[PDB]
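Shown below: input34.txt, with compact mmCIF, N, CA and C atoms and all ligand atoms.
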```txt
# COMPACT_ATOMS: atom_id res chain seq x y z
N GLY A 1 -11.82 6.20 -25.83
CA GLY A 1 -12.50 5.67 -24.64
C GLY A 1 -12.32 6.62 -23.49
N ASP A 2 -13.11 7.70 -23.39
CA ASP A 2 -13.11 8.59 -22.23
C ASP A 2 -14.49 9.16 -21.86
N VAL A 3 -14.50 9.99 -20.82
CA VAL A 3 -15.68 10.45 -20.09
C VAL A 3 -16.53 11.40 -20.94
N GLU A 4 -15.85 12.30 -21.65
CA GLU A 4 -16.47 13.41 -22.35
C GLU A 4 -17.07 12.96 -23.69
N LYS A 5 -16.39 12.01 -24.32
CA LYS A 5 -16.88 11.21 -25.45
C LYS A 5 -17.96 10.24 -24.98
N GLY A 6 -17.84 9.74 -23.75
CA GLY A 6 -18.64 8.63 -23.22
C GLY A 6 -20.03 9.02 -22.77
N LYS A 7 -20.19 10.23 -22.24
CA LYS A 7 -21.52 10.72 -21.85
C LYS A 7 -22.44 10.90 -23.06
N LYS A 8 -21.87 11.26 -24.21
CA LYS A 8 -22.55 11.32 -25.51
C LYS A 8 -23.01 9.95 -26.04
N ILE A 9 -22.70 8.86 -25.35
CA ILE A 9 -23.29 7.53 -25.58
C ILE A 9 -24.45 7.29 -24.63
N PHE A 10 -24.22 7.46 -23.33
CA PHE A 10 -25.21 7.17 -22.29
C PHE A 10 -26.42 8.11 -22.38
N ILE A 11 -26.16 9.41 -22.51
CA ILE A 11 -27.19 10.45 -22.64
C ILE A 11 -28.06 10.21 -23.88
N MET A 12 -27.51 9.57 -24.92
CA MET A 12 -28.22 9.27 -26.16
C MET A 12 -29.03 7.97 -26.11
N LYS A 13 -28.45 6.85 -25.67
CA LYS A 13 -29.07 5.51 -25.76
C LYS A 13 -29.68 4.99 -24.46
N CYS A 14 -29.35 5.60 -23.32
CA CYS A 14 -29.40 4.93 -22.01
C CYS A 14 -30.13 5.76 -20.94
N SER A 15 -29.91 7.08 -20.89
CA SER A 15 -30.41 7.97 -19.83
C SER A 15 -31.93 8.14 -19.82
N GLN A 16 -32.57 7.82 -20.94
CA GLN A 16 -34.01 7.61 -21.08
C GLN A 16 -34.59 6.56 -20.10
N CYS A 17 -33.74 5.67 -19.58
CA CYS A 17 -34.06 4.64 -18.59
C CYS A 17 -33.20 4.72 -17.33
N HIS A 18 -31.90 4.99 -17.45
CA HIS A 18 -30.96 5.05 -16.32
C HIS A 18 -30.64 6.48 -15.83
N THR A 19 -30.02 6.56 -14.65
CA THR A 19 -29.40 7.77 -14.08
C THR A 19 -28.02 7.39 -13.55
N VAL A 20 -27.11 8.34 -13.35
CA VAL A 20 -25.86 8.15 -12.59
C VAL A 20 -25.70 9.19 -11.46
N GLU A 21 -26.82 9.66 -10.89
CA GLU A 21 -26.85 10.75 -9.91
C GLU A 21 -26.54 10.26 -8.48
N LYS A 22 -25.60 10.93 -7.79
CA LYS A 22 -25.25 10.65 -6.39
C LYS A 22 -26.46 10.89 -5.48
N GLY A 23 -26.67 10.02 -4.49
CA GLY A 23 -27.90 10.02 -3.68
C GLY A 23 -29.04 9.20 -4.28
N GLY A 24 -28.97 8.89 -5.58
CA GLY A 24 -29.87 7.97 -6.26
C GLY A 24 -31.26 8.52 -6.56
N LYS A 25 -31.82 8.11 -7.69
CA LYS A 25 -33.26 8.16 -7.99
C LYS A 25 -33.70 6.99 -8.87
N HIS A 26 -34.98 6.89 -9.20
CA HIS A 26 -35.56 5.72 -9.86
C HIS A 26 -36.28 6.14 -11.14
N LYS A 27 -36.18 5.28 -12.14
CA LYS A 27 -36.62 5.52 -13.52
C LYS A 27 -37.13 4.20 -14.12
N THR A 28 -37.26 4.09 -15.44
CA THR A 28 -37.48 2.78 -16.12
C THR A 28 -36.38 1.75 -15.78
N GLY A 29 -35.20 2.23 -15.37
CA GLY A 29 -34.01 1.46 -15.03
C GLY A 29 -33.23 2.09 -13.86
N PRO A 30 -32.25 1.36 -13.30
CA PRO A 30 -31.58 1.73 -12.06
C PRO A 30 -30.57 2.89 -12.17
N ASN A 31 -30.09 3.35 -11.01
CA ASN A 31 -29.19 4.51 -10.88
C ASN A 31 -27.69 4.16 -11.00
N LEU A 32 -27.33 2.91 -11.29
CA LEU A 32 -25.94 2.52 -11.54
C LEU A 32 -24.96 2.74 -10.35
N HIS A 33 -25.49 2.96 -9.14
CA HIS A 33 -24.77 3.57 -8.02
C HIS A 33 -23.68 2.62 -7.48
N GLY A 34 -22.42 2.90 -7.82
CA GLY A 34 -21.31 2.03 -7.47
C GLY A 34 -21.34 0.69 -8.22
N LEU A 35 -21.65 0.69 -9.52
CA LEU A 35 -21.75 -0.51 -10.36
C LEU A 35 -20.46 -1.34 -10.42
N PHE A 36 -19.28 -0.71 -10.42
CA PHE A 36 -18.02 -1.39 -10.75
C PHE A 36 -17.42 -2.08 -9.52
N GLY A 37 -16.77 -3.22 -9.75
CA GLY A 37 -16.21 -4.06 -8.68
C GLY A 37 -17.21 -5.03 -8.04
N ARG A 38 -18.45 -5.12 -8.54
CA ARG A 38 -19.54 -5.98 -8.00
C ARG A 38 -20.37 -6.69 -9.07
N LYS A 39 -21.12 -7.71 -8.65
CA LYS A 39 -22.36 -8.19 -9.29
C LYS A 39 -23.56 -7.44 -8.67
N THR A 40 -24.69 -7.32 -9.37
CA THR A 40 -25.88 -6.57 -8.89
C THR A 40 -27.06 -7.51 -8.59
N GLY A 41 -28.30 -7.20 -9.00
CA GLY A 41 -29.48 -8.07 -8.80
C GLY A 41 -30.05 -8.14 -7.37
N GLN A 42 -29.81 -7.14 -6.51
CA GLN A 42 -30.03 -7.28 -5.05
C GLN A 42 -30.24 -5.99 -4.22
N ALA A 43 -29.90 -4.82 -4.76
CA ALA A 43 -29.74 -3.58 -4.00
C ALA A 43 -31.03 -3.08 -3.33
N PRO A 44 -30.95 -2.28 -2.24
CA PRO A 44 -32.10 -1.79 -1.48
C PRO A 44 -33.25 -1.24 -2.33
N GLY A 45 -32.96 -0.58 -3.45
CA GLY A 45 -33.95 -0.05 -4.38
C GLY A 45 -33.77 -0.42 -5.85
N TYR A 46 -32.87 -1.35 -6.22
CA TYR A 46 -32.51 -1.54 -7.63
C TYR A 46 -32.25 -3.01 -8.01
N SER A 47 -32.32 -3.29 -9.31
CA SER A 47 -31.95 -4.56 -9.94
C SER A 47 -32.74 -5.74 -9.36
N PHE A 48 -34.01 -5.82 -9.79
CA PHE A 48 -35.00 -6.78 -9.29
C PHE A 48 -34.89 -8.11 -10.03
N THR A 49 -34.48 -8.11 -11.31
CA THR A 49 -33.96 -9.32 -11.98
C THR A 49 -32.56 -9.67 -11.45
N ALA A 50 -32.31 -10.96 -11.23
CA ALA A 50 -31.22 -11.42 -10.38
C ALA A 50 -30.21 -12.37 -11.06
N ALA A 51 -30.35 -12.69 -12.34
CA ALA A 51 -29.22 -13.23 -13.12
C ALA A 51 -27.98 -12.29 -13.05
N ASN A 52 -28.22 -10.97 -12.93
CA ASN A 52 -27.26 -9.93 -12.52
C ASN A 52 -26.40 -10.26 -11.27
N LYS A 53 -26.92 -11.08 -10.35
CA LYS A 53 -26.23 -11.58 -9.15
C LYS A 53 -25.48 -12.89 -9.41
N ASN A 54 -26.03 -13.75 -10.27
CA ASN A 54 -25.63 -15.16 -10.42
C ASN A 54 -24.60 -15.41 -11.54
N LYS A 55 -24.22 -14.38 -12.31
CA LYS A 55 -23.32 -14.49 -13.48
C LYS A 55 -21.86 -14.85 -13.14
N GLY A 56 -21.47 -14.87 -11.87
CA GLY A 56 -20.15 -15.34 -11.42
C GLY A 56 -18.97 -14.37 -11.58
N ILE A 57 -19.10 -13.35 -12.43
CA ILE A 57 -18.11 -12.28 -12.65
C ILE A 57 -18.76 -10.89 -12.51
N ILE A 58 -17.99 -9.91 -12.06
CA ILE A 58 -18.43 -8.52 -11.85
C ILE A 58 -18.66 -7.70 -13.13
N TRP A 59 -19.29 -6.54 -12.95
CA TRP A 59 -19.16 -5.41 -13.87
C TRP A 59 -17.74 -4.81 -13.86
N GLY A 60 -17.10 -4.88 -15.03
CA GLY A 60 -15.80 -4.33 -15.36
C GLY A 60 -15.66 -4.09 -16.86
N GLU A 61 -14.44 -3.80 -17.28
CA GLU A 61 -14.15 -3.21 -18.58
C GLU A 61 -14.27 -4.16 -19.79
N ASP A 62 -14.18 -5.47 -19.56
CA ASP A 62 -14.27 -6.54 -20.57
C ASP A 62 -15.52 -7.42 -20.39
N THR A 63 -16.32 -7.17 -19.34
CA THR A 63 -17.62 -7.82 -19.05
C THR A 63 -18.78 -6.95 -19.52
N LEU A 64 -18.68 -5.63 -19.33
CA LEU A 64 -19.63 -4.69 -19.93
C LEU A 64 -19.51 -4.63 -21.46
N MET A 65 -18.35 -4.90 -22.06
CA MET A 65 -18.20 -4.89 -23.52
C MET A 65 -19.04 -6.00 -24.17
N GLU A 66 -19.03 -7.18 -23.55
CA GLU A 66 -19.68 -8.38 -24.07
C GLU A 66 -21.16 -8.48 -23.66
N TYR A 67 -21.53 -7.92 -22.51
CA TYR A 67 -22.91 -7.62 -22.15
C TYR A 67 -23.56 -6.68 -23.16
N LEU A 68 -22.92 -5.53 -23.41
CA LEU A 68 -23.48 -4.51 -24.30
C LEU A 68 -23.41 -4.91 -25.78
N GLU A 69 -22.62 -5.92 -26.15
CA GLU A 69 -22.71 -6.51 -27.49
C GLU A 69 -24.10 -7.14 -27.75
N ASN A 70 -24.68 -7.84 -26.77
CA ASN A 70 -26.02 -8.42 -26.80
C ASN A 70 -26.56 -8.75 -25.37
N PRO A 71 -27.33 -7.87 -24.71
CA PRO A 71 -27.62 -8.00 -23.28
C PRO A 71 -28.31 -9.30 -22.85
N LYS A 72 -29.42 -9.70 -23.49
CA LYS A 72 -30.26 -10.82 -23.00
C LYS A 72 -29.67 -12.23 -23.15
N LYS A 73 -28.46 -12.32 -23.69
CA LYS A 73 -27.68 -13.55 -23.86
C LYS A 73 -26.59 -13.67 -22.79
N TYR A 74 -25.90 -12.56 -22.51
CA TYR A 74 -24.90 -12.50 -21.43
C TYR A 74 -25.54 -12.63 -20.04
N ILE A 75 -26.69 -11.97 -19.85
CA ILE A 75 -27.55 -12.10 -18.67
C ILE A 75 -28.87 -12.69 -19.16
N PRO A 76 -29.04 -14.03 -19.12
CA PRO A 76 -30.20 -14.70 -19.71
C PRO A 76 -31.42 -14.65 -18.77
N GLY A 77 -31.89 -13.44 -18.49
CA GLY A 77 -32.97 -13.14 -17.55
C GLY A 77 -32.80 -11.75 -16.94
N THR A 78 -33.16 -10.70 -17.67
CA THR A 78 -32.99 -9.29 -17.29
C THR A 78 -34.10 -8.40 -17.87
N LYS A 79 -34.45 -7.31 -17.18
CA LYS A 79 -35.40 -6.29 -17.70
C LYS A 79 -34.72 -5.20 -18.56
N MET A 80 -33.45 -5.40 -18.91
CA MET A 80 -32.71 -4.62 -19.91
C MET A 80 -33.28 -4.83 -21.33
N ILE A 81 -34.23 -3.98 -21.74
CA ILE A 81 -34.83 -4.00 -23.08
C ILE A 81 -33.98 -3.16 -24.05
N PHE A 82 -32.93 -3.78 -24.57
CA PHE A 82 -31.97 -3.17 -25.50
C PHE A 82 -31.29 -4.24 -26.37
N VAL A 83 -31.26 -4.08 -27.69
CA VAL A 83 -30.78 -5.16 -28.59
C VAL A 83 -29.26 -5.35 -28.54
N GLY A 84 -28.44 -4.33 -28.79
CA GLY A 84 -26.98 -4.45 -28.76
C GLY A 84 -26.23 -3.28 -29.41
N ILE A 85 -25.07 -2.92 -28.85
CA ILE A 85 -24.24 -1.79 -29.31
C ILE A 85 -23.22 -2.31 -30.33
N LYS A 86 -23.48 -2.05 -31.62
CA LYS A 86 -22.73 -2.62 -32.75
C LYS A 86 -21.22 -2.29 -32.73
N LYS A 87 -20.84 -1.08 -32.29
CA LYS A 87 -19.44 -0.64 -32.13
C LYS A 87 -18.82 -1.05 -30.80
N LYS A 88 -17.53 -1.38 -30.83
CA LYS A 88 -16.69 -1.50 -29.62
C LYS A 88 -16.11 -0.16 -29.18
N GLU A 89 -15.81 0.76 -30.10
CA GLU A 89 -15.33 2.11 -29.74
C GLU A 89 -16.34 2.88 -28.87
N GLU A 90 -17.63 2.87 -29.23
CA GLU A 90 -18.68 3.52 -28.43
C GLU A 90 -18.84 2.85 -27.07
N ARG A 91 -18.82 1.51 -27.01
CA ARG A 91 -18.84 0.76 -25.74
C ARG A 91 -17.66 1.17 -24.85
N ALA A 92 -16.49 1.40 -25.43
CA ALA A 92 -15.29 1.80 -24.70
C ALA A 92 -15.38 3.23 -24.13
N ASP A 93 -15.95 4.19 -24.87
CA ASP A 93 -16.22 5.53 -24.34
C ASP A 93 -17.31 5.47 -23.25
N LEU A 94 -18.37 4.70 -23.46
CA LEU A 94 -19.46 4.51 -22.49
C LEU A 94 -18.94 3.98 -21.14
N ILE A 95 -18.19 2.87 -21.16
CA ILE A 95 -17.60 2.28 -19.96
C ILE A 95 -16.66 3.27 -19.25
N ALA A 96 -15.93 4.10 -20.00
CA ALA A 96 -15.03 5.10 -19.42
C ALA A 96 -15.78 6.17 -18.60
N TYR A 97 -16.87 6.67 -19.18
CA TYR A 97 -17.78 7.61 -18.52
C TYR A 97 -18.39 7.01 -17.26
N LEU A 98 -18.91 5.78 -17.33
CA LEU A 98 -19.50 5.14 -16.16
C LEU A 98 -18.49 4.94 -15.02
N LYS A 99 -17.23 4.62 -15.32
CA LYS A 99 -16.18 4.52 -14.30
C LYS A 99 -15.84 5.85 -13.64
N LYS A 100 -16.06 6.97 -14.33
CA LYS A 100 -15.89 8.30 -13.72
C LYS A 100 -17.09 8.67 -12.85
N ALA A 101 -18.32 8.34 -13.27
CA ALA A 101 -19.56 8.85 -12.67
C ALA A 101 -20.12 7.95 -11.56
N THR A 102 -19.95 6.63 -11.68
CA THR A 102 -20.47 5.67 -10.69
C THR A 102 -19.60 5.57 -9.42
N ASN A 103 -18.34 6.01 -9.50
CA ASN A 103 -17.35 6.00 -8.41
C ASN A 103 -17.16 7.38 -7.72
N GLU A 104 -18.07 8.33 -7.94
CA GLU A 104 -17.81 9.78 -7.84
C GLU A 104 -18.09 10.44 -6.48
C1 LIG B 1 -35.05 1.12 -20.55
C2 LIG B 1 -35.94 0.42 -21.58
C3 LIG B 1 -33.59 0.71 -20.65
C4 LIG B 1 -32.66 1.17 -21.56
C5 LIG B 1 -32.92 2.00 -22.80
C6 LIG B 1 -31.36 0.79 -21.08
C7 LIG B 1 -30.16 1.18 -21.68
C8 LIG B 1 -28.89 0.93 -21.15
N1 LIG B 1 -28.57 0.16 -20.05
FE1 LIG B 1 -29.90 -0.84 -18.92
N2 LIG B 1 -31.38 -1.82 -17.68
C9 LIG B 1 -31.08 -2.73 -16.72
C10 LIG B 1 -29.83 -3.14 -16.29
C11 LIG B 1 -28.63 -2.59 -16.76
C12 LIG B 1 -27.35 -2.79 -16.12
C13 LIG B 1 -27.16 -3.36 -14.73
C14 LIG B 1 -27.69 -2.38 -13.66
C15 LIG B 1 -27.89 -2.93 -12.25
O1 LIG B 1 -28.04 -4.17 -12.08
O2 LIG B 1 -27.95 -2.11 -11.30
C16 LIG B 1 -26.42 -2.10 -16.86
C17 LIG B 1 -24.94 -2.05 -16.60
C18 LIG B 1 -27.12 -1.37 -17.90
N3 LIG B 1 -28.45 -1.69 -17.79
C19 LIG B 1 -26.52 -0.51 -18.82
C20 LIG B 1 -27.23 0.16 -19.83
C21 LIG B 1 -26.64 1.02 -20.84
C22 LIG B 1 -25.17 1.39 -20.90
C23 LIG B 1 -27.64 1.42 -21.69
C24 LIG B 1 -27.49 2.17 -23.01
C25 LIG B 1 -26.67 1.36 -24.02
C26 LIG B 1 -32.33 -3.24 -16.20
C27 LIG B 1 -32.49 -4.45 -15.30
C28 LIG B 1 -32.43 -4.13 -13.81
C29 LIG B 1 -33.66 -4.66 -13.08
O3 LIG B 1 -33.80 -5.89 -12.93
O4 LIG B 1 -34.49 -3.85 -12.64
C30 LIG B 1 -33.33 -2.46 -16.72
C31 LIG B 1 -34.77 -2.41 -16.25
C32 LIG B 1 -32.73 -1.63 -17.75
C33 LIG B 1 -33.45 -0.80 -18.62
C34 LIG B 1 -32.86 -0.09 -19.67
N4 LIG B 1 -31.53 0.03 -19.97
```
Hey, can you dump this file as structure tokens for me?
Amino acid sequence: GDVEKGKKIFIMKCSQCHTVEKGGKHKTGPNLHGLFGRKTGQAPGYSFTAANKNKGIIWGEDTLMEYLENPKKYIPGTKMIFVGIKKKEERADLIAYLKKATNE
């Protein structure tokens, strides 16, 4: 579960829709800008589906694991078009990379 292993998850499955670039840009999906320590569904340019706001718990290390197991069930109302990440090891490298890049 680290950054260098973890970018090889996001760049493969995710970067086709998302970015993690400082100063922000827009794609099929949001820029992840300061994702950790918050709920989303509200930002000046991002997260237009809002079950992301109403889920009662933040993005963190054991909430992204269970979201990424099956997205449309953990957030029952999202534009996240992705079925689920079968491995927990890959989810753990992915979350590690995002904690380095979203806080940067
Ligand atoms: C484009 C079809 C698409 C792919 C592929 C994709 C992969 C991954 N996502 Fe997505 N994603 C959305 C929301 C999230 C989300 C919350 C972001 C926020 O609220 O700012 C997270 C943490 C996340 N996605 C993570 C991953 C990830 C890792 C991968 C690869 C496994 C939304 C919903 C936001 C909105 O309402 O606009 C969209 C549109 C979305 C698209 C895609 N994600």
task = Please measure the separation of atom N of residue 13 (chain A) and atom N of residue 101 (chain A), giving the value in Å to one decimal.
result = 16.1 Å
inquiry  = Neighbours of ligand LIG 1 (chain B) at 6 Å or closer, counting all atoms listed in the file: which residues, as a list in words?
reply    =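 The residues within 6 Å of ligand LIG 1 (chain B), counting all atoms listed in the file, are residues 10, 13, 14, 15, 16, 17, 18, 28, 29, 30, 31, 32, 40, 41, 46, 47, 48, 49, 50, 52, 78, 79, 80, 81 and 82 of chain A.
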Restrict the selected residues to N, CA and C atoms and save them as an mmCIF file, in the coordinates of the input.
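Generated file (out_31.cif):
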```cif
data_model
loop_
_atom_site.group_PDB
_atom_site.id
_atom_site.type_symbol
_atom_site.label_atom_id
_atom_site.label_comp_id
_atom_site.auth_asym_id
_atom_site.auth_seq_id
_atom_site.Cartn_x
_atom_site.Cartn_y
_atom_site.Cartn_z
ATOM 1 N N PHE A 10 -24.220 7.460 -23.330
ATOM 2 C CA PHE A 10 -25.210 7.170 -22.290
ATOM 3 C C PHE A 10 -26.420 8.110 -22.380
ATOM 4 N N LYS A 13 -28.450 6.850 -25.670
ATOM 5 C CA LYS A 13 -29.070 5.510 -25.760
ATOM 6 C C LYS A 13 -29.680 4.990 -24.460
ATOM 7 N N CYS A 14 -29.350 5.600 -23.320
ATOM 8 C CA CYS A 14 -29.400 4.930 -22.010
ATOM 9 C C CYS A 14 -30.130 5.760 -20.940
ATOM 10 N N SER A 15 -29.910 7.080 -20.890
ATOM 11 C CA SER A 15 -30.410 7.970 -19.830
ATOM 12 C C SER A 15 -31.930 8.140 -19.820
ATOM 13 N N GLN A 16 -32.570 7.820 -20.940
ATOM 14 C CA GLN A 16 -34.010 7.610 -21.080
ATOM 15 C C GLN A 16 -34.590 6.560 -20.100
ATOM 16 N N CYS A 17 -33.740 5.670 -19.580
ATOM 17 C CA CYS A 17 -34.060 4.640 -18.590
ATOM 18 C C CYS A 17 -33.200 4.720 -17.330
ATOM 19 N N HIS A 18 -31.900 4.990 -17.450
ATOM 20 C CA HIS A 18 -30.960 5.050 -16.320
ATOM 21 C C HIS A 18 -30.640 6.480 -15.830
ATOM 22 N N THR A 28 -37.260 4.090 -15.440
ATOM 23 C CA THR A 28 -37.480 2.780 -16.120
ATOM 24 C C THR A 28 -36.380 1.750 -15.780
ATOM 25 N N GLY A 29 -35.200 2.230 -15.370
ATOM 26 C CA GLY A 29 -34.010 1.460 -15.030
ATOM 27 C C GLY A 29 -33.230 2.090 -13.860
ATOM 28 N N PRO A 30 -32.250 1.360 -13.300
ATOM 29 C CA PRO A 30 -31.580 1.730 -12.060
ATOM 30 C C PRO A 30 -30.570 2.890 -12.170
ATOM 31 N N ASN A 31 -30.090 3.350 -11.010
ATOM 32 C CA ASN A 31 -29.190 4.510 -10.880
ATOM 33 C C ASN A 31 -27.690 4.160 -11.000
ATOM 34 N N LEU A 32 -27.330 2.910 -11.290
ATOM 35 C CA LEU A 32 -25.940 2.520 -11.540
ATOM 36 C C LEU A 32 -24.960 2.740 -10.350
ATOM 37 N N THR A 40 -24.690 -7.320 -9.370
ATOM 38 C CA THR A 40 -25.880 -6.570 -8.890
ATOM 39 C C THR A 40 -27.060 -7.510 -8.590
ATOM 40 N N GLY A 41 -28.300 -7.200 -9.000
ATOM 41 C CA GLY A 41 -29.480 -8.070 -8.800
ATOM 42 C C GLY A 41 -30.050 -8.140 -7.370
ATOM 43 N N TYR A 46 -32.870 -1.350 -6.220
ATOM 44 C CA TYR A 46 -32.510 -1.540 -7.630
ATOM 45 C C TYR A 46 -32.250 -3.010 -8.010
ATOM 46 N N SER A 47 -32.320 -3.290 -9.310
ATOM 47 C CA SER A 47 -31.950 -4.560 -9.940
ATOM 48 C C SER A 47 -32.740 -5.740 -9.360
ATOM 49 N N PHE A 48 -34.010 -5.820 -9.790
ATOM 50 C CA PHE A 48 -35.000 -6.780 -9.290
ATOM 51 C C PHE A 48 -34.890 -8.110 -10.030
ATOM 52 N N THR A 49 -34.480 -8.110 -11.310
ATOM 53 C CA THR A 49 -33.960 -9.320 -11.980
ATOM 54 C C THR A 49 -32.560 -9.670 -11.450
ATOM 55 N N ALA A 50 -32.310 -10.960 -11.230
ATOM 56 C CA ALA A 50 -31.220 -11.420 -10.380
ATOM 57 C C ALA A 50 -30.210 -12.370 -11.060
ATOM 58 N N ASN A 52 -28.220 -10.970 -12.930
ATOM 59 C CA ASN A 52 -27.260 -9.930 -12.520
ATOM 60 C C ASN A 52 -26.400 -10.260 -11.270
ATOM 61 N N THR A 78 -33.160 -10.700 -17.670
ATOM 62 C CA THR A 78 -32.990 -9.290 -17.290
ATOM 63 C C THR A 78 -34.100 -8.400 -17.870
ATOM 64 N N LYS A 79 -34.450 -7.310 -17.180
ATOM 65 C CA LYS A 79 -35.400 -6.290 -17.700
ATOM 66 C C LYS A 79 -34.720 -5.200 -18.560
ATOM 67 N N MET A 80 -33.450 -5.400 -18.910
ATOM 68 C CA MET A 80 -32.710 -4.620 -19.910
ATOM 69 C C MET A 80 -33.280 -4.830 -21.330
ATOM 70 N N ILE A 81 -34.230 -3.980 -21.740
ATOM 71 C CA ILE A 81 -34.830 -4.000 -23.080
ATOM 72 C C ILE A 81 -33.980 -3.160 -24.050
ATOM 73 N N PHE A 82 -32.930 -3.780 -24.570
ATOM 74 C CA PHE A 82 -31.970 -3.170 -25.500
ATOM 75 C C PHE A 82 -31.290 -4.240 -26.370
#
```
message = Would you compute the distance between CA of residue 23 (chain A) and CA of residue 70 (chain A)? Give it in Å to one decimal.
response = 29.6 Å
key: Distance in Å - CA of residue 55 (chain A) versus atom C of residue 11 (chain A)   = 27.2 Å
